[PDB]
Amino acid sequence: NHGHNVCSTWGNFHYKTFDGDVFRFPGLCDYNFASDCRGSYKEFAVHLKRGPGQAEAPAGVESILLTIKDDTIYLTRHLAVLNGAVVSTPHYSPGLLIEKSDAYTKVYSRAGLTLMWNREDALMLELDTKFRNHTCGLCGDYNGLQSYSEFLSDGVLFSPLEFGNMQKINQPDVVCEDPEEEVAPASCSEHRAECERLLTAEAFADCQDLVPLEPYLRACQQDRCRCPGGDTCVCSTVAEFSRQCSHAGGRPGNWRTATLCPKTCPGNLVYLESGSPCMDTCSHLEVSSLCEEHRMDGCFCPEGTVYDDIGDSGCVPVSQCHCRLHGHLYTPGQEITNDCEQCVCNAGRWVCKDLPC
């Protein structure tokens, strides 16, 4: 019942600004995704390295670089690096939480910023309202007005290709070329039946009045003709419609089937288009007020088990949780000594009785 202000990218190079513009930009270089370029003190910058990837399939993301106040976060498909130091997840530090699920790597900042990446095509940034009118990059100016509704002095308009190219971050001594102006961009108009059939299904009943349907249709027509092999692209776009509903306070239903884009989780994890934002985990770090936010898609543990974010052994009973200290894993039962307390790993927590010093 309470939404967020999100900019996102997914699938075959689709982008969505804070203000709701959806465009395609197929650049393969490093870009300014979103920045506090108007702050008197710059509070954040998010850079998106696309890298090379496979055509006629959703586009890859090589890495993400986050700067927030005095902290630097570098994310890849396998790495999480904090101020140059490789870190284990979950990682908690002052007003910054990095955590890794099977569905998403997520970054949470007390500076007014949350970031979620599925470690493939789909990336998404929620910002606090205090950053209205403050932002640069592919995500727009966050000012409450759309491309179609606007133009600048001297009749300056930016096509999606040159707006994207303007955000390129050049690396000394590395060559990376913009994409070439696309020859005859055919506006695939003959698949609208199937696409609208999909974004109107009973599963998006709640979403029809929360998320504007027209931008996602045209992106869905684009998918059906630029990605003619299979359904990989057009299901990124239906997933994104689902995601936009959830981030706007709504509850999409389960729209996937055995033939209509199956999605399964490892082990005994359950895929839900909309589950709790807060599950118990072996680390027990998910206790902040983020538990009061809207529901989201992902992989969830069956009742009676907790997600083992410490020893990566799936959904376990809490009594079988690993503990962690100074980079080392511990089994339930093992005991450790610091000073005047000896601590035992119990149910994923370090329970400590005091001793004489």
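Start at 1 and count along the sequence shown; that's the residue number.
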property	result
Per the entry, higher mean C-alpha B factor between 139-147 and 283-291	139-147
Stretch with the higher entry mean CA B-factor, where the candidates are 314-322 and 53-61	53-61
Identity of residue with top Cα B-factor, from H191, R132, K106, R110	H191
Candidate set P228, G267, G164, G275 [ranked by C-alpha B-factor, highest]	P228
Relative C-alpha B-factor of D297, binned into the chain's lowest, middle or highest third	middle
Third of the chain, ranked by Cα B-factor, where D121 sits	middle
Within-chain third of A219 by Cα B-factor, per the entry	middle
Relative C-alpha B-factor of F241, binned into the chain's lowest, middle or highest third	middle
Position of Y92 among the chain's modelled residues by C-alpha B-factor, lowest, middle or highest third	middle
